[PDB]
Amino acid sequence: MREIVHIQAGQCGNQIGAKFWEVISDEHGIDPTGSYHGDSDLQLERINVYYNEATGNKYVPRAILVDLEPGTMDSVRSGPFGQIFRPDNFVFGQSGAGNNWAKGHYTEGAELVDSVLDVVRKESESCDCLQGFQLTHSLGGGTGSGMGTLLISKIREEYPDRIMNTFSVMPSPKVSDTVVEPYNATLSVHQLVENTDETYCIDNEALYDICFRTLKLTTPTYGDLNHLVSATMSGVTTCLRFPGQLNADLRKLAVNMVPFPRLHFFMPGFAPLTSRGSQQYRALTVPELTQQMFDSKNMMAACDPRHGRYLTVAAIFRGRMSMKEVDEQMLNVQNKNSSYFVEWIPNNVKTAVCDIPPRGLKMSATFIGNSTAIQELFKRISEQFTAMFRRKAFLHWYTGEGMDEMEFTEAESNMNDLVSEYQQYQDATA
Amino acid sequence: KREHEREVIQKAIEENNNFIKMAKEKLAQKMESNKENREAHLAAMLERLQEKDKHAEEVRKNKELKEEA
Ligand SMILES: CC[C@H](C)[C@@H]([C@@H](CC(=O)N1CCC[C@H]1[C@H](OC)[C@@H](C)C(=O)N[C@H](C)[C@@H](O)c1ccccc1)OC)N(C)C(=O)[C@@H](NC(=O)[C@@H](NC)C(C)C)C(C)C
Ligand SMILES: Nc1nc2c(ncn2[C@@H]2O[C@H](COP(=O)(O)OP(=O)(O)O)[C@@H](O)[C@H]2O)c(=O)[nH]1
Ligand SMILES: [Mg+2]
């Protein structure tokens with residue numbers, strides 16, 4: 001009974017957050033009404049990590065839904081799994097954040113944040129032994145990015161010894177034409193470097209390219225993008241949710257994955273890559289899972305892992321398979337590409353196997369990499385940031401909310417420092 | 001960080017208030033200046049017309065003076 005409290009903020013945050021709860025509710029045999037109807041005891045053994053129990057043996061997600069406008073949450077409450085959420089855990093404003101980090105962090109979000117913290121507190125108080133928090137949000141908008149990071153900082157102040165974990169969706173001009181997203185994202189990364197323990201870098205650039213190139217979807221939708229995100233979120237939380245040895249709680253994961261406190265940005269990967277309703281009939285072999293899960297084309301961050309080195313890796317295999325073959329194949333990846341794993345962290349790849357496959361697959365594998373190649377992502381954002389900032393373009397939207405240019409300069413400098421620190425360990429020898 | 005957050009939102013308020021204040025003062029200045037200028041232009045016009053009236057009085061005074069002689 002090591003509870004996690006889940007928060008989802010802004011449009012993107014609530015969209016992928018709601019999909020996460022649909023996907024893992026089905027895995028745990030919980031229906032849209034909160035009733036359990038599964039066939040395995042494995043489903044319920046750690047159900048309390050993400051669910052509260054009610055009377056009638058109802059299971060309620062330990063989830064808080066936040067937004068500065070009502071639209072997406074109205075959508076969620078009218079979705080399939082809308083009823084499953086605790087009605088008092090819907091916390092929303094009317095003003096919106098207008099894709100503006102300053103509105104989310106300093107003005108509009110500040111008016112709403114105490115209400116949110118009140119709900120967070122009610123959930124935390126109910127916990128036998130709270131582990132920490134997970135937040136879903138995008139970095140490119142205003143609410144998830146600005147108010148999301150505001151929340152992270154306030155939660156850290158009230159719960160300074162708990163783990164803070166985020167699923168953070170990075171903007172890409174391949175998916176959004178909103179010009180200020182690199183500003184919002186850079187301001188947010190500055191916050192994440194300081195205040196989270198673990199951040200999964202979910203890159204819309206990678207998501208779009210997987211859909212277009214690999215899944216051959218000529219007009220990718222957010223539904224298609226979020227299908228990849230919810231598969232990934234299911235895979236990377238598997239060790240938290242089912243009986244197991246490795247990375248079985250947020251703190252043990254962090255101690256295995258984070259060798260230096262600022263370098264806590266992870267590149268997730270998944271195999272097999274599927275589109276919604278592709279419904280494929282051949283299971284992958286263990287060698288296939290292993291090859292594909294490490295492939296650049298299967299990464300959810302648009303970074304070439306061959307351009308960097310792995311500091312640490314977690315791999316999670318799901319389904320009925322030979323654990324002997326899993327061990328053999330995992331050893332083969334490392335022994336065949338040993339130069340890509342830093343030699344000064346011995347045995348830095350850990351493997352978990354869970355018997356329960358995700359819905360629709362017999363076999364799957366999820367990859368979590370702490371790779372120095374993630375610098376490519378931050379460099380991409382930094383270049384977009386500087387192209388505008390050198391001319392102070394669009395800054396009036398932010399200074400109108402009380403921000404000074406100095407705050408932008410500090411955020412930029414901190415992210416460029418982060419990039420340089422990755423490069424440092426990339427070039428480091430034993 | 002909390003002190004900074006407070007400073008940012010008070011800065012936003014102060015700048016909004018100062019904008020209103022200066023708009024308000026600029027307008028009152030402009031309206032007063034316009035009022036005084038237009039009134040001065042009318043006053044000058046009337047002043048000239050009143051000098052015509054005076055002149056006309058002299059003309060008739062002049063005629064009366066000429067008459068008995
Ligand atoms: C590549 C950028 C996104 C992904 C696509 C997508 C938006 C979308 O999926 N949208 C707009 C909310 C509705 C949603 C979809 O309908 C189209 C529904 C079916 C959906 O996927 N709904 C999912 C299941 C739902 O959970 C959901 C998720 C997020 C938001 C709302 C609802 O429509 C093709 N967009 C804007 C586009 O393709 C637009 N094109 C562009 O913006 C181009 N630049 C002009 C580039 C960036 C691609 C065209 C519409 C002009
Ligand atoms: N992958 C994904 N990205 C999204 C979704 N909705 C919005 N985004 C992205 O999130 C960014 C805009 O932030 P959004 O969450 O809409 O703003 P907020 O409501 O102010 O937090 C852009 O980069 C969008 O492409 C979604 O459902 N899925
Ligand atoms: Mg939006």
Side-chain angles (χ1 to χ4, degrees), chain A residues 1-9 13-14 16-28 30 34 42-54 58-66 81 84-86 89 91 116-117 119-137 144 148 151-152 154-156 158-168 192 195-200 202 229-230 232-258 264 266 268 314 316 352 354 356 366 368:
Chain A
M1 309 165 238
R2 289 225 79 205
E3 295 88 355
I4 295 172
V5 169
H6 165 100
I7 304 153
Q8 52 193 59
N14 277 284
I16 67 169
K19 289 296 168 281
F20 166 77
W21 285 106
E22 293 172 32
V23 170
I24 70 155
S25 291
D26 172 71
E27 289 185 8
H28 290 279
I30 309 302
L42 270 191
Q43 288 172 292
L44 290 185
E45 192 153 317
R46 310 181 78 195
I47 196 90
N48 302 293
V49 171
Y50 281 103
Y51 297 81
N52 290 309
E53 290 201 35
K58 290 286 176 190
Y59 293 92
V60 185
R62 197 169 301 97
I64 299 154
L65 299 82
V66 181
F81 271 84
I84 207 177
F85 296 110
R86 187 174 191 276
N89 282 21
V91 184
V116 177
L117 289 175
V119 178
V120 173
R121 195 168 310 103
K122 182 163 193 180
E123 288 291 0
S124 296
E125 287 174 346
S126 160
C127 293
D128 177 35
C129 191
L130 173 72
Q131 308 188 32
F133 303 84
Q134 69 173 39
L135 167 78
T136 56
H137 62 152
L151 281 164
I152 288 168
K154 305 260 179 174
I155 289 166
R156 191 175 185 198
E158 285 190 39
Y159 305 94
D161 62 351
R162 300 299 91 195
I163 299 293
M164 175 70 63
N165 171 70
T166 72
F167 295 84
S168 297
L192 299 179
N195 292 328
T196 73
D197 292 293
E198 305 142 335
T199 289
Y200 297 99
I202 294 158
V229 177
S230 66
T232 303
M233 293 186 65
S234 169
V236 310
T237 61
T238 289
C239 291
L240 306 177
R241 295 190 283 119
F242 291 104
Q245 277 306 294
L246 168 82
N247 298 328
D249 66 73
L250 291 176
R251 189 171 298 276
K252 271 180 179 189
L253 174 68
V255 165
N256 280 343
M257 294 294 297
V258 183
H264 60 253
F266 303 152
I316 302 95
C354 174
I356 297 193
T366 303
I368 313 174

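Proteins come first, then strands; the chains are lettered A, B, ... in the order of their sequence lines, and each starts at number 1. When reading the values below, keep in mind they use all heavy atoms of this one structure, side chains included, and skip hydrogens, waters and symmetry mates.
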Sequence neighbours excluded, the answer for ring-ring contact (aromatic ring centres under 6.0 Å, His included) partners of A:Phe81 is none

(Q) Can you classify the ring geometry of A:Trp21 versus A:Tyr50 as parallel (below 30°), tilted (30 to 60°) or perpendicular (above 60°)? (A) perpendicular

Smallest heavy-atom separation, A:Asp197 atom then A:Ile163 atom, equals OD2-CA, 3.4 Å

- So do the side chains of A:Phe266 and A:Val236 get within less than 4.5 Å of each other, counting heavy atoms only? no

Nearest heavy-atom contact between A:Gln43 and A:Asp26 is NE2-O, 4.4 Å

Rounded to the nearest 0.5 angstrom, the CD1-CE distance for A:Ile155 and A:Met164 is 4.5 Å

*With side chains defined as the heavy atoms from C-beta onward, is the minimum distance between A:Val229 and A:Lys19 less than 4.5 Å?*
no

Q | Non-hydrogen side-chain atoms of A:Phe167 and A:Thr237 separated by less than 4.5 Å | A | yes

Interatomic distance, CG@A:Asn165 vs CG@A:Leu250, rounded to 0.5 Å, equals 5.5 Å

With a 4.5 Å heavy-atom cut-off, do A:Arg162 and A:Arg251 have their side chains touching? yes

Scanning both residues in full, the closest heavy-atom pair of A:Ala63 with A:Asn89 reads O-ND2, 2.9 Å

Nearest heavy-atom contact between A:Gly235 and A:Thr366 is CA-OG1, 3.3 Å

### Message
Would A:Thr199 and A:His264 count as a side chain to side chain contact (heavy atoms under 4.5 Å, CB included) here? Give the steps.
### Response
CA-CA 6 Å; A:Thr199 289; A:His264 60 253; 4.1 Å; yes

A:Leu117 and A:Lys154 have their tightest heavy-atom pair at CD1-CB, 3.6 Å

Scanning both residues in full, the closest heavy-atom pair of A:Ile64 with A:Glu123 reads CD1-CG, 4.1 Å

Worksheet item: Mind checking whether A:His6 and A:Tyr51 have ring centres under 6.0 Å apart?
Response: no

So CG of A:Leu246 and OG1 of A:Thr238: to nearest 0.5 Å the spacing works out to 12.0 Å

- Query: Should A:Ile356 and A:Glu27 be marked as a side chain to side chain contact (heavy atoms under 4.5 Å, CB included) after you check the CA-CA gap, both sets of side-chain angles, and the distance that decides it?
  - Reply: CA-CA 8 Å; A:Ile356 297 193; A:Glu27 289 185 8; 5.7 Å; no

**Prompt:** If we ignore angles and hydrogens, is there a donor and acceptor under 3.5 Å between the side chains of A:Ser230 and A:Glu22?
**Reply:** no

Interatomic distance, OG@A:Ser168 vs CD@A:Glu198, rounded to 0.5 Å, equals 11.5 Å

Pair A:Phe20-A:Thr136, side chain to side chain contact (heavy atoms under 4.5 Å, CB included): steps then yes or no = CA-CA 10 Å; A:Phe20 166 77; A:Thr136 56; 5.8 Å; no

Separation between OH (A:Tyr200) and CD1 (A:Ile368), nearest 0.5 Å, reads 4.0 Å

Value for CG (A:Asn52) from SG (A:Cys127), rounded to nearest 0.5 Å, stands at 7.0 Å

Discussion item. Set out, in order, the CA-CA distance, both residues' side-chain angles and the distance that settles side chain to side chain contact (heavy atoms under 4.5 Å, CB included) for A:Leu151 and A:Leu135, then state yes or no.
Written reply: CA-CA 9 Å; A:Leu151 281 164; A:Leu135 167 78; 5.5 Å; no

